[PDB]
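Before any questions on binding or motion, here is one chain by itself as structure tokens, the form deposited in one PDB entry.
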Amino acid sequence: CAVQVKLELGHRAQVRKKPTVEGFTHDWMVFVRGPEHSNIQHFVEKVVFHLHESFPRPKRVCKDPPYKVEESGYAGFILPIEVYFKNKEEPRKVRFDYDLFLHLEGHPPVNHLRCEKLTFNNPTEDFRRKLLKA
């Protein structure tokens, strides 16, 4: 009995009115969530955001919702996101490579969204029950 669930990944980015002391020009926030009123905490163990190496503590871990990271910076980068599942079976996690892009000053703030389909073929009963609760 295969089960399909939905994950939304996205981010916002806005030019700061005043650069930070480091000269960072943008504030941004990247997130993983369920669509509409879906609570993905039923089947998500943790979300790991792998920031660019220039960031302090580049491995950011959210064990509880909201699964998000808020930061400031000066350039966009590819941000690997690992979503770990509440199971003890294959797969333990899934990985997405998120394009954390920023727009130049003058352009409207970034507000970006993509939606990811996860289909689990033959999950264990306990994991199937969690997936179906989201």
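Numbering starts at 1 and follows the sequence shown.
Unshown form solved in complex with a partner chain; subsequent notes refer to it.
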(request) Spell out, yes or no, whether the shortest heavy atom distance between residue 92 and the partner chain in the entry with it bound is within 4.5 Å. (result) no
(message) With a cut-off of 4.5 Å between heavy atoms, is residue 59 one of the residues that contacts the partner chain in the entry with it bound?
(response) yes
(request) Indicate whether the partner chain has at least one heavy atom within 4.5 Å of a heavy atom of residue 28 in the entry with it bound. (result) yes
(message) Even though the partner isn't displayed, in the entry with it bound is residue 111 close enough to the partner chain, meaning a heavy atom within 4.5 Å?
(response) yes
